[PDB]
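Working notes for the structure below.
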Amino acid sequence: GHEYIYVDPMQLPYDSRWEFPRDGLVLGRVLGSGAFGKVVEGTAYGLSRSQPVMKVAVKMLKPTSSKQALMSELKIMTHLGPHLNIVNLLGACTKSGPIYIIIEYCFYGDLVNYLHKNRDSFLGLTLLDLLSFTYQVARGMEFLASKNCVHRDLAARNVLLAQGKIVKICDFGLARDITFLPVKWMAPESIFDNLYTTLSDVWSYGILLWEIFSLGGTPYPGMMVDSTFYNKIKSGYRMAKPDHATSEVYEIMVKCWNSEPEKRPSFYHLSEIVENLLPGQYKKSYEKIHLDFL
Ligand SMILES: c1cc2c3nc(ccc3c1)-n1cnc3ccc(cc31)OCCCNC1CCN2CC1
């Protein structure tokens, strides 16, 4: 079947429709950094018609092999398409200078900080909210898997909250189409055998759920990543139920942490389960928003 081939998004051309004048972008504070580079706050003039002056986030390499990785990140983002639970690419500065990737700025920030600041409220922040976040992330991950994308860095730091409490997944760069790494979120196959699949991301989703239902807790609390950590996880060690987690959600985590990647639940499958855990009215409202967005 030489006539049938795989279209690598890395070999596809860059549509210049995404180019933004570097003189139209004002850069500001460092919002943060992931595995590589940094994300800074910025103001863009002329990117949106509705908003002539719009606040944005900019992914860029730090002053310190990464340039093309950034370009690849741009490429995957360009071809992923739009989704409500996936942060949006607004444009890029790729000509005559360092690569700048312009992305949507989310008001409430990352879930980790949100969950932390609204911890005491958890007695604003409500259990239903947590489940909603869980559902939306599952949907966005389903979208990425549909697009044959393995994020490789699913975590609460990379799940953002936009206005309307709509979650957005961010931080590609470690993403691949079917270096320091986020071990406590990585599956055993990925760490020991360098194998990454959608199922590996499912493991990360479980770690994410523990983060959410621990209200911002650090995975494997107190444990330092070392020889013993790996031996334990290899032997089958798994984290215990988080304090604010139901048996039903912990079960989801347990499934996600099966040693057999093929036995872990799919994001499609994961979506339905969480749906049941929430009011059936939720699905409809979600769909409405998910149609308006487009
Ligand atoms: C990679 C890593 C990121 C990204 N972030 C973005 C946009 C694209 C990103 C790409 N983005 C959007 N609106 C934000 C509001 C706050 C913010 C980042 C925001 O940083 C605050 C918390 C820092 N924690 C992580 C730092 C790196 N992050 C994800 C969050």
Side-chain angles (χ1 to χ4, degrees), residues 80-88 106 108 110-112 114-115 126-162 164-172 175 178 182 185-187 196-216 219 239 242 244-258 261-291 293-294:
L80 280 177
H83 189 279
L84 176 70
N85 301 141
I86 300 299
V87 76
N88 270 325
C106 299
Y108 305 111
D110 62 338
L111 265 182
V112 178
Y114 181 83
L115 295 177
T126 61
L127 182 149
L128 198 282
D129 302 351
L130 280 58
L131 298 176
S132 175
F133 304 144
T134 296
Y135 175 79
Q136 305 181 46
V137 174
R139 297 302 317 273
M141 293 304 301
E142 179 182 350
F143 171 76
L144 302 184
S146 81
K147 302 288 182 171
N148 288 197
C149 176
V150 185
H151 194 270
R152 296 188 57 239
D153 200 9
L154 181 59
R157 55 185 176 272
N158 296 334
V159 178
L160 299 165
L161 256 181
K165 277 196 179 187
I166 298 303
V167 317
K168 311 277 183 182
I169 301 171
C170 74
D171 200 349
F172 294 83
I178 49 78
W185 285 262
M186 299 190 311
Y196 297 84
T197 73
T198 294
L199 297 169
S200 63
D201 286 355
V202 176
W203 173 286
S204 300
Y205 184 76
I207 306 295
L208 166 67
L209 297 195
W210 183 94
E211 291 178 291
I212 294 179
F213 291 92
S214 59
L215 306 177
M239 283 185 297
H244 308 92
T246 80
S247 181
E248 292 164 328
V249 305
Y250 182 64
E251 174 60 22
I252 296 174
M253 306 182 194
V254 171
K255 298 173 172 298
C256 292
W257 297 330
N258 188 329
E262 309 75 13
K263 305 305 174 180
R264 303 168 194 172
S266 78
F267 288 118
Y268 185 56
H269 195 197
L270 283 169
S271 300
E272 302 173 343
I273 301 177
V274 184
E275 174 186 3
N276 175 287
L277 308 174
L278 286 77
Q281 58 197 11
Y282 180 94
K283 166 68 65 60
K284 180 176 282 70
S285 54
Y286 172 88
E287 297 294 356
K288 302 317 165 185
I289 307 176
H290 190 68
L291 272 41
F293 168 85
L294 292 146

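Starting from 1, each residue takes its place in the sequence as its number. Only heavy atoms go into these numbers, but all of them, side chains included; no hydrogens, no water, no symmetry mates.
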Does [X] use its side chain to pair, donor to acceptor, with the backbone of [Y] at less than 3.5 Å?
X: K168; Y: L84; result: yes
X: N158; Y: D153; result: yes
X: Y205; Y: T134; result: yes
X: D129; Y: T126; result: yes

Rounded to the nearest 0.5 Å, how far does [atom2] of [Y] lie from [atom1] of [X]?
X: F133; Y: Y114; atom1: CZ; atom2: OH; result: 5.0 Å
X: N276; Y: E248; atom1: CG; atom2: CD; result: 7.0 Å
X: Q136; Y: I289; atom1: CD; atom2: CD1; result: 7.5 Å
X: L130; Y: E211; atom1: CG; atom2: CD; result: 12.0 Å
X: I273; Y: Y268; atom1: CD1; atom2: OH; result: 11.5 Å
X: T246; Y: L131; atom1: OG1; atom2: CG; result: 7.0 Å

Check: [Y] and [X] side chains under 4.5 Å, non-hydrogen atoms:
X: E251; Y: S247; answer: no
X: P265; Y: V202; answer: yes
X: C256; Y: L209; answer: no
X: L128; Y: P279; answer: yes
X: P82; Y: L294; answer: yes

Is it true that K284 and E287 make a salt bridge, defined as a side-chain N closer than 4.0 Å to a carboxylate O?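 No, this pair does not count.
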
Do you know which two heavy atoms are closest between [X] and [Y], and how far apart they sit?
X: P182; Y: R157; value: CB-NH2, 3.2 Å
X: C106; Y: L161; value: CB-O, 3.6 Å
X: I207; Y: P219; value: CG2-CG, 3.7 Å
X: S204; Y: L154; value: CB-O, 3.6 Å
X: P242; Y: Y250; value: CD-CD1, 4.0 Å
X: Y286; Y: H83; value: OH-CE1, 3.9 Å

Might you work through the side-chain contact (heavy atoms from CB on, under 4.5 Å) test for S200 and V150, ending with a clear yes or no? CA-CA 8 Å; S200 63; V150 185; 4.1 Å; yes

Criterion side-chain contact (heavy atoms from CB on, under 4.5 Å) on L277 and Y135, from CA distance to verdict: CA-CA 9 Å; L277 308 174; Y135 175 79; over 6 Å; no

So which of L160, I166, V137, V159 actually passes side-chain contact (heavy atoms from CB on, under 4.5 Å) with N85? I166

For side-chain contact (heavy atoms from CB on, under 4.5 Å), just list the numbers for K165 and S132, CA-CA rounded to whole Å, side-chain angles, deciding distance to a tenth of an Å, and then say yes or no. CA-CA 9 Å; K165 277 196 179 187; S132 175; over 6 Å; no

Between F143 and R139, does the side-chain contact (heavy atoms from CB on, under 4.5 Å) criterion hold? Intermediate values first, please. CA-CA 6 Å; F143 171 76; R139 297 302 317 273; over 6 Å; no

Only one of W185, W203, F172 clears ring-ring contact (aromatic ring centres under 6.0 Å, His included) with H151; which?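 Result: among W185, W203, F172, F172 is the only option passing the ring-ring contact (aromatic ring centres under 6.0 Å, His included) with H151.
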
